[PDB]
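Asker: Please work out how this folds:
(chains A, B, C and D, ligands or ions: 6)
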Amino acid sequence: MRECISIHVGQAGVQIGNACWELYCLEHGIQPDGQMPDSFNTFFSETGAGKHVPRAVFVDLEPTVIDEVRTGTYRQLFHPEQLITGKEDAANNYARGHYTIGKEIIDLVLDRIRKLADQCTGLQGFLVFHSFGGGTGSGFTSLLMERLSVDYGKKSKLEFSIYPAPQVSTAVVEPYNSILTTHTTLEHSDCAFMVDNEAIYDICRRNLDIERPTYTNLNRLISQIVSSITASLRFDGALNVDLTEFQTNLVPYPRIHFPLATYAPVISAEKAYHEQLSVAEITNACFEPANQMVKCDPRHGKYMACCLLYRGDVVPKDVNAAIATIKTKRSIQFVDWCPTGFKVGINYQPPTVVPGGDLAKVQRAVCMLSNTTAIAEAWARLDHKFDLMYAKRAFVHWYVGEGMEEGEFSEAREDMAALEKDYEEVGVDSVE
Amino acid sequence: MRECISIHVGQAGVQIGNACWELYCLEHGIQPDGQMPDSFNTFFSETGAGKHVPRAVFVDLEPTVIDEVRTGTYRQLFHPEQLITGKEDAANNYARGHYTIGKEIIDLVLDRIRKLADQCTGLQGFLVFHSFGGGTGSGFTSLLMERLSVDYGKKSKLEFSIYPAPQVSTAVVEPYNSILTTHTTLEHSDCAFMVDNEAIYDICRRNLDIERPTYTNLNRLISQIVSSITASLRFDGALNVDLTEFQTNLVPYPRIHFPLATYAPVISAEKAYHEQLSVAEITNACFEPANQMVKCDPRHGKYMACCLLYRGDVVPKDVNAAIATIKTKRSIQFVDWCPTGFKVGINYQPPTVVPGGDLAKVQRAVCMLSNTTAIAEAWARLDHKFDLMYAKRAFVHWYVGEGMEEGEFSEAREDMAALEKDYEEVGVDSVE
Amino acid sequence: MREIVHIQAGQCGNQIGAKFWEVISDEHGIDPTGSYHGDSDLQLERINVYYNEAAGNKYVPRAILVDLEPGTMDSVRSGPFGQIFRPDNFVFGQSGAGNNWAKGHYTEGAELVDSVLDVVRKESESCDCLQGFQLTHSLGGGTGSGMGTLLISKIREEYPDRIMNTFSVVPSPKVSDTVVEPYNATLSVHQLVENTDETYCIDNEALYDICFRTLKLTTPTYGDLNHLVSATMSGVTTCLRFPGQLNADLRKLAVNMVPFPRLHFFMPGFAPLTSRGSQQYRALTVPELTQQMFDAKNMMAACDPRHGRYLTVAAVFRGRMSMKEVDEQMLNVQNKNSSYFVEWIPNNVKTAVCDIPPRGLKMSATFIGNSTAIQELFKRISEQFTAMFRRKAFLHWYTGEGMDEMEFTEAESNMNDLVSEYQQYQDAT
Amino acid sequence: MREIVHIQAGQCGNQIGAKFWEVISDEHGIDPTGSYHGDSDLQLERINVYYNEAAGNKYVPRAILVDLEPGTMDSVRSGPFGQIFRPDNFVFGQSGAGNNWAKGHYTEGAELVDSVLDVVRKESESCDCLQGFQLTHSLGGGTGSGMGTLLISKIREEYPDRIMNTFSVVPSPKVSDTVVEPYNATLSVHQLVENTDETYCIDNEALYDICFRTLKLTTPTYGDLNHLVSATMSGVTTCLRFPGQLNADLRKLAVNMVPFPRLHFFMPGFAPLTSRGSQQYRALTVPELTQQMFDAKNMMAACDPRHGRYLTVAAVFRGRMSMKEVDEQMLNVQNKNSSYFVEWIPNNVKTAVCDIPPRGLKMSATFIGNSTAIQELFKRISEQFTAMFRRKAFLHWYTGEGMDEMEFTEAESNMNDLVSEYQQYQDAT
Ligand SMILES: Nc1nc2c(ncn2[C@@H]2O[C@H](COP(=O)(O)OP(=O)(O)OP(=O)(O)O)[C@@H](O)[C@H]2O)c(=O)[nH]1
Ligand SMILES: Nc1nc2c(ncn2[C@@H]2O[C@H](COP(=O)(O)OP(=O)(O)OP(=O)(O)O)[C@@H](O)[C@H]2O)c(=O)[nH]1
Ligand SMILES: Nc1nc2c(ncn2[C@@H]2O[C@H](COP(=O)(O)OP(=O)(O)O)[C@@H](O)[C@H]2O)c(=O)[nH]1
Ligand SMILES: Nc1nc2c(ncn2[C@@H]2O[C@H](COP(=O)(O)OP(=O)(O)O)[C@@H](O)[C@H]2O)c(=O)[nH]1
Ligand SMILES: [Mg+2]
Ligand SMILES: [Mg+2]
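Answerer: Residues are numbered from 1 along each chain as shown, chains lettered A, B, ... in the order given. Ligands and ions are numbered 1, 2, ... in the order given. Pasting the structure now:
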């Protein structure tokens, strides 16, 4: 009875959830009606009849993408008081997400979370799935992370964000929305995992040999990471891990809680043969700089801590041989103050295959959750884009007129520059 | 567990490999799908299923001849990440092979070799199959032999080159490409075997009685030599030999490592009768100057060392009688400082017969690997052709404009002339 | 008479104990139901040492199972021999450890230890004459470290004269399961040096080698590794559960192995260990037991005994053997290896001989050795502890639960007061 | 009592030993499984000299098998009598020899010899009273030369008083298997003159003749050649494994055959040897054994004994025979061949008589002869060595592994210090 509810905010939050909750139903044989022909009691609640509902709260400010769920195939699965919508979207605006529109339905969502918190007793933590780009995914999330630390506090809050790509940027005001939502979540979130879009396009083009992927094919690869993190709660393993245990082993200082996720093996079905895929093979595919799912070269920085989450037919002795060769290599380097930099987790259940997909049925798979200082180069260029646009005071007249102090930008930039030198404090070595 | 990977470079490399890997599959019953209805673990790697893949890396700069493999009969056998191609060919140009085009995919091939080096532990050495004529077979090989001595170093690197014929020359700039690729491989290769095209036409016309052979029929006779060298690794023999043992017994000085291969018996099926083919008969067919596969008269020079590789139903006593008569003849002469000039190897397995071929099912066969100074006449005429074309500065404007120092020809010719007098140092006798 | 209360803690202490009671039940002939299906009558002579007779010829173990999350207890009751434990003994909390020592010994330790000791005190007042406790935990995690050392501090206040031994799993040198495992080990050794009487240091890395170098196993799961530890836990009290020629117990091996009250960290060893297809070529006789104990590829701790000195050595033999051939082999290894022992203790080999082998073998031994080669074990933890503490990294998860630097500083200073003793007596004369 | 540890090395030393243990097992009646299926009771009286009794009436050989590549060990364990060796004794490396002495004695020799001597020392401490070792190798290759002479230099430091004899395969005069075999022989004889006690020089060319001139074989494979060597290796210790009238061992044949501590290179001979269809026309009596030993077509070294002088001669007879008829034949060959022996040693024929013949024959002998006719053996190697070294050919494969010319020069000078002794005592008076 280790229960855990998950919150999906924004359009990027919902379309990940339609591929996550597609995956959880297939692992336990759950029909789209909620019926089925125990261990899965964490992410469900069996009612008086034989029907199971998800412990999820979808929320969005625009009614477009929620009506995909209310009319699509997974229609009878969700409780209709969970699917909270709004009249108008925040529309690429942190101020509408946090001051104007987000203040009108924040009392309704907290009422729905508290009705899902009372029927559980082993509630470990939350799972907020949002994006730094849009207005709802950033503004309404930064409002939501404030209201959870006031009410609950002790529960470990995790986030699977969508970090903006260095080159591919859909919205123009993504440097504005990323800084203002990271100034706010820095005090409240405990571990915010980073997943970038452009690095998944680099994997689907090279490894899977798909020339034209859509957002559906990206949401399949994201939900495999979401499954392998919460795989130890839903099944029995030889060496389990819990959501309280991620924030202890990967967040050394309270200001540095931005890891990056990496999944392996990602290969096609015609390439699923011709190679045996042992754990000594697929572990080095995680630390390879071409298979990381954030566009950041890991050889520029140092690994502070790493978390390998094995699953499948995995031998515990061969894991010990696989990690030991990584610490003998020369391109992979750790920080000087951390001699013991691994969190190891083995689960028995092999990863399942969604039909109509592109990955093949394998026998084992590795999810790596590594916290490196190579992300410090990525925060520098995001602060470089923010300083260029704000020097001309571009796009400020939208944010001032929607109820925001004009000097709050200058308070956000000085706090982010303080985060910038904190990686410089870590990266240096010690005397004697 | 004595494993060995093989590298096929250029169009002449690949079309030998399509007749080599045809032959290795038939010796062990391997289907073209890789399935089969142990000892063969050297040149294969059995996966989790019942499928075997070759330990080969085909590489070429043009996508023409690689698409024969990706569409032909042996399609499901090779791992599709091994078949490394390129956009445009080097097109009879050492500079495009080593400076312009070869520098763009040399990082991709070394990544694929290192992924085949890590899953082996008894890795003896390499097998580079290239040609001195073309741009990719010479330029990309000379780049590749530099990158292997930096990374690996201790492993015995063998080469099965295609030496250009004295009269039949397809490309015009073969004297340019042969010198520039021998100036580079002289420091890195350990033993580079020589096989000439024109001498195989002389054998197929006279012995086999085929008036019109194609390149397919030449690649059958080459792959019989490739099989008989690596026959001692793949089976049990009465007196084995390894790939580390070829470089010790045939390379006396570090500048002289150009032997020549000779195979016997090469007879037709209708002539497979009428003669008994004992080991005292077929051994003298190797030292006969009409059956050597390099157009060089061996009576002009002296044999420095020889390596006989018997296979089949071979009696060890009758080998001793067969070698002893050769040292009593007068046309065959050895160098004065080498009284013991034989390396003997007996294997039990008879040579198999590929269907649709021209050679017959025999009971025994001999592969001779002899290192003579009769090749020193062949290096003289190749330096004579190089001095004629370079005196008029013909074809130099292609090589200068593709990123090459103009004086590098004058550095290549002075180094090759130093190789020329090294055979003169060997051929003289001693005082007292 | 002379009963033993078994206490388990953490994820690892359950999965050792769930294999440990599978070995004890196969020595006494107990089905997974709980009845008796034995053949001889020596198996029920001393059945009270671990089993309490229930109503209707059923025997239930005297086990107390502790965890901070119900996940591991969900697999123990559902597995084999999980229907033999009494359901009142499953004491679990709903919060969760979090893999942290502060949540194990301070915050969620105090909310549970008052409910565990209602079960410990009930089992202790049911026994006739209590011998001593035992504990199975791991120093890496949070429940086996924090909650595990909290129970020992409460027991030793109530029961001072009773012995208290722990089967710890000391973290490996090369790989590391927990990132903050130097903090969870340094704050645990500070509790064990003042509260236990003897402690068995076991490394995971030394067990992966024996399954790979000696037993030759292709896929050793934790069912294969924890079967070797459970054979050694039964091999210490095997002179108590069965009659013998020279009998020992948990007190004779506590007196003769502990010369100073701080030096009580051991290393265990088991013999014989044969491969699968090589158990017919090997002459399984009495001097084969001796040569397989003392070599360094058979210790269960990742430390070479050649670097140190053996202070005291206990050998617990099983099966019908002769006493001269024991004293022949134990003396000859003390003459040819005359420098690797210590000088100021004459004749430092303890002998104990039982009569009944384990199920399957003809005879067997058990090595309980003390050494100064475990100073390499604490010079590696204290090096990793001061490498992390000088940056004050991973410290706000500990300081935020009511903890100061004096808790850390007096812990690391106590460990360097332990290293300076093993380095002292290694060079004394 | 008086046990012998057998050491094998190289490709050739395995394929002699794999035939050698097939002959010993047929004299003691051992199946390929490892049990006993004998008929008499004299076969188990001295079974401890080569076999250790395992558990369950199985006997495993006291053999130690060494190679630098796993190819030859793959065929020994899979062939007949390959399931009798203990699998721990198969000590093999993954690198490979390369047919080079520098990779045998310097580079890959040192990475393996520390793991071989853990097996040598374990077998030597298991024997009651050790007699002496024996080694089977070849001077041509790299493993039998480099790794083979490295083991002798490490053993003679640990065990000085124990005897150490090698069954070498000296390379043939006419044909040559290895191109660089003068380098691999000259750098091996320099090690054998200061580390062994007696050495049996065997040439391949002398074995191809006997299968062609005496036994009349159409297709002699190496199973036919190595069966003659294995009959001579058993014929030396046959007075130790069975009782006799005048008993000898590996020490009596070491004292009475070695007059000077550098002169210990022998030549072996075996009798009787009959053809297939001519073993009925021949009178197989006692003087037929004598006339078949001393003639030059029966020596196992490619050198004519008429050119030199016999210093010492050992004849080891087997089977129930009479002692007068031995002393009749051994004296008459010393009177008519009075010039071919030496003058300053009177009565230089050693006699040893066993009681049990080999399986199949009625009686047999074994000739262990020393001579100065093996100065032709070293004047042919030192001629081929100085013919290659004066051009410095094939030298960068040796110099590139940490080796100088002083290693070569002191090796060739030691050999010419050995030729100048056999030429000295051939003409002394
Ligand atoms: N991973 C992923 N990212 C997506 C997907 N769809 C959109 N995004 C990203 O989401 C960002 C745009 O923000 P949105 O989430 O659509 O905006 P919102 O939070 O819903 O709120 P509004 O802007 O008011 O509609 C960009 O960075 C897109 O790349 C998807 O299916 N998967
Ligand atoms: N033995 C053999 N030689 C061949 C074969 N086909 C071509 N050659 C030789 O290869 C040489 C021509 O160069 P190529 O090897 O085709 O050139 P390349 O290295 O593949 O690269 P490019 O010149 O860029 O196309 C000539 O010496 C030909 O005789 C073949 O099937 N067998
Ligand atoms: N030998 C062994 N060690 C284990 C096993 N399971 C976990 N461990 C060890 O236990 C440690 C992890 O601590 P854990 O008990 O799971 O955490 P806790 O529940 O918070 O105390 C690591 O050192 C693991 O190697 C097991 O089955 N066998
Ligand atoms: N009599 C005999 N000689 C052999 C046999 N096999 C190899 N040889 C000899 O051994 C020498 C080759 O050495 P080899 O052992 O293969 O090389 P190494 O493994 O590096 O020591 C040559 O002199 C061969 O004549 C065999 O079965 N019998
Ligand atoms: Mg949106
Ligand atoms: Mg080409």
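Asker: neighbours around residue 25, how many?
Answerer: Unless you meant another one, I'm taking chain A. Residues lying near residue A:25 (other Cβ atoms under 10 Å in any protein chain shown) number 22. For the C-beta atoms, the positions are set from N, CA and C on the backbone; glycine is no exception.
Asker: wait, I meant chain C there
Answerer: Look at residue C:25: counted by other Cβ under 10 Å, it has 19 neighbours.
Asker: Now do the SS call for it.
Answerer: helix (DSSP: H, G, I helix; E, B strand; the rest coil).
Asker: Distance-wise, check it relative to residue D:1.
Answerer: Distance from residue C:25 to residue D:1, counting by Cβ to Cβ, to the nearest Å: 48 Å.
Asker: And for residue C:260?
Answerer: 48 Å.
Asker: Need the contact partners of stretch C:5-12.
Answerer: Outside stretch C:5-12, the residues that touch it by Cβ atoms under 8 Å, 6 or more residues apart in numbering or on different chains are A:239-240, C:14, C:16-17, C:20, C:50, C:61-67, C:72, C:97, C:120, C:123-124, C:127, C:130, C:133-138, C:140-145, C:147-148, C:151, C:169.
Asker: Buried ones only from those residues, please, as a PyMOL command.
Answerer: Selecting only the buried entries of the contacts of stretch C:5-12 in PyMOL, with 16 or more other Cβ atoms under 10 Å in any protein chain shown as the criterion:
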select buried, (chain A and resi 239+240) or (chain C and resi 14+16+17+20+50+61+62+63+64+65+66+67+72+97+120+123+124+127+130+133+134+135+136+137+138+140+141+142+143+144+145+147+148+151+169)
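Asker: Please identify the buried residues of the longest helix that chain A contains?
Answerer: With secondary structure taken from DSSP state H, chain A has its longest helix at helix A:408-427. Residues A:409, A:412, A:413, A:415, A:416, A:419, A:423, A:426 are the ones in helix A:408-427 that count as buried (16+ other Cβ under 10 Å).
Asker: can you redo those as JSON lines with distance to residue B:201?
Answerer: Listed next are the buried residues of helix A:408-427 as JSON lines, based on distance: Cβ to Cβ, whole Å:
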{"residue": "A:409", "distance to residue B:201": "81"}
{"residue": "A:412", "distance to residue B:201": "80"}
{"residue": "A:413", "distance to residue B:201": "78"}
{"residue": "A:415", "distance to residue B:201": "80"}
{"residue": "A:416", "distance to residue B:201": "75"}
{"residue": "A:419", "distance to residue B:201": "74"}
{"residue": "A:423", "distance to residue B:201": "69"}
{"residue": "A:426", "distance to residue B:201": "70"}
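Asker: I'd like those residues as TSV, with distance to chain C appended.
Answerer: Below are those laid out as TSV (distance: Cβ to the nearest Cβ, whole Å):
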residue	distance to chain C
A:409	29
A:412	24
A:413	26
A:415	19
A:416	21
A:419	16
A:423	14
A:426	9
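Asker: can I get these in JSON lines with distance to ligand 5?
Answerer: Formatted as JSON lines, the buried residues of helix A:408-427 follow (distance: Cβ to the ion, whole Å):
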{"residue": "A:409", "distance to ligand 5": "23"}
{"residue": "A:412", "distance to ligand 5": "22"}
{"residue": "A:413", "distance to ligand 5": "25"}
{"residue": "A:415", "distance to ligand 5": "26"}
{"residue": "A:416", "distance to ligand 5": "24"}
{"residue": "A:419", "distance to ligand 5": "26"}
{"residue": "A:423", "distance to ligand 5": "31"}
{"residue": "A:426", "distance to ligand 5": "35"}
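Asker: and of those residues, the nearest to ligand 3?
Answerer: residue A:426 (26.4 Å; Cβ to the nearest ligand atom).
Asker: Number of residues surrounding residue C:118?
Answerer: Using other Cβ under 10 Å, residue C:118 has 10 other residues around it.
Asker: how far away is the residue of the stretch 1-150 of chain C found nearest ligand 2 from residue C:104?
Answerer: Closest residue of the stretch 1-150 of chain C to ligand 2, Cβ to the nearest ligand atom: residue C:140 (57.7 Å). Distance check for residue C:140 against residue C:104: by Cβ to Cβ, it reads 12 Å.
Asker: Next: residue A:290.
Answerer: Counting by Cβ to Cβ, the gap from residue A:290 to residue C:104 is 41 Å.
Asker: what about the helices in the stretch 101-250 of chain A?
Answerer: A:106-117, A:135, A:141-151, A:174-185, A:197-206, A:215-229, A:231-234, A:246-249 (DSSP state H, counting those that start in this stretch).
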